[PDB]
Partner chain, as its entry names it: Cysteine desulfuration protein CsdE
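Shown next as structure tokens: one chain only, the form deposited without its partner chain.
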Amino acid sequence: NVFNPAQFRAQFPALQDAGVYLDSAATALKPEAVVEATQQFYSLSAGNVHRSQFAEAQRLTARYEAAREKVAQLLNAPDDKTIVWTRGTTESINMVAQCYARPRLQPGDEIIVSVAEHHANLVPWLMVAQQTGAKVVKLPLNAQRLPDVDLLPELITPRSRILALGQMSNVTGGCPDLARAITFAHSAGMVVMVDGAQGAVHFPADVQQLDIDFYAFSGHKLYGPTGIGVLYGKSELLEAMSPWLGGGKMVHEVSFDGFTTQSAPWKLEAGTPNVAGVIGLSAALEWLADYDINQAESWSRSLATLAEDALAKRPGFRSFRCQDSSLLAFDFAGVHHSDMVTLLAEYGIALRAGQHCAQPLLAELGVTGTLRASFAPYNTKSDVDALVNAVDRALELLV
């Protein structure tokens, strides 16, 4: 189970054309298993007849049927009925806000949201706050740029009901002390929405050991299809939630006088699922299971380190990176980000700049945007050199 970066790399058909692909934290390239399972799914009938490809069809069904269990295995969830399909981390969090919090929250209740949250884990709370007369309370950063979990006892009041906290920022790659935050929140009877969109990729959460109430992530960042994500909830919480969308499949009986719902997870999954997305995510998970994530992520982090140490030698560098993360957000003094993104792309280096859906974090860091190079296990030491060499030449052209 020894991680071999060249073995991992060989599985990604896009890699040759992609150049030096350093934007995995926006979205990941896919291994051949995800490409092939999706191609089979769309190249075969989903019906009950197979005159020549029965083997391939039985595989697809087996991938679909095992898919909740593959997510449960990634999170150490105790059973697969705690896994709910969504179209992404965004939908998952809105489902918790609307189906769990909205029916419960009273005027004046408080929702503590960290300053490092992606918009996905902030906007739905501002909305449900408006809807219920509840209030969003800021969790600030500490001096090392992580949500200040030590502040929580001071910020928790009798009115505190929900904590929304990201396991890992898509800007700094920082992870707050999540075990401690959850200990403090639970002493106060609160429930915690953990945004795992980056955390599931890099440090997938053991939701039992961490006692996580709700955990959300997206397939497309976890080497997998677009349009699919997960909500994990403790079984009692999924049971406590109101239904989400209404329609087929989430009901048992329906008449003009009312309806009876399925139990979770189906209660929360109206209409035709994104079958291609569930099958491709299952394929991504089954492919990923062959790799030790600790070794893969240590490799990715080591490349970010090489890059950050090198870039730190050039005039005007600033890094926003925390905890030797695989994600390297940075700036250069006297450089327009979009110019640098474009010049890097001419050198065959794919990365991005912008606000990263993290306006309050950036405001707090005193910037309007950052460049961000993120490293994955299909990157190499030569990708780091290519990045640094391209930056040198961009600086020469721009500064």
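Numbering follows the first chain given and starts at 1. Between two forms, the rigid core is defined as the largest C-alpha subset superposing within 1.5 Å. Residues that one form lacks are left out of the comparison.
Below: the form solved in complex with its partner chain, not depicted.
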property: Distance check, residue 68 to its partner chain in the deposited bound form, heavy atom within 4.5 Å; result: no
property: Contact flag, residue 347 vs its partner chain in the deposited bound form, heavy atom cut 4.5 Å; result: yes
property: Residue contact check: residue 252 to its partner chain in the deposited bound form, 4.5 Å heavy atom; result: yes
property: Contact test in the deposited bound form: residue 353 vs its partner chain, heavy atoms, 4.5 Å; result: yes
property: Members of 330 to 348 lying within 4.5 angstroms of its partner chain, judged by heavy atom, in the deposited bound form; result: 336, 337, 338, 339, 341, 342, 343, 346, 347
property: Moved runs of 3+ residues, each with a C-alpha displacement of 2 angstroms or more between the shown form and the other one on the rigid core; result: 16 to 18
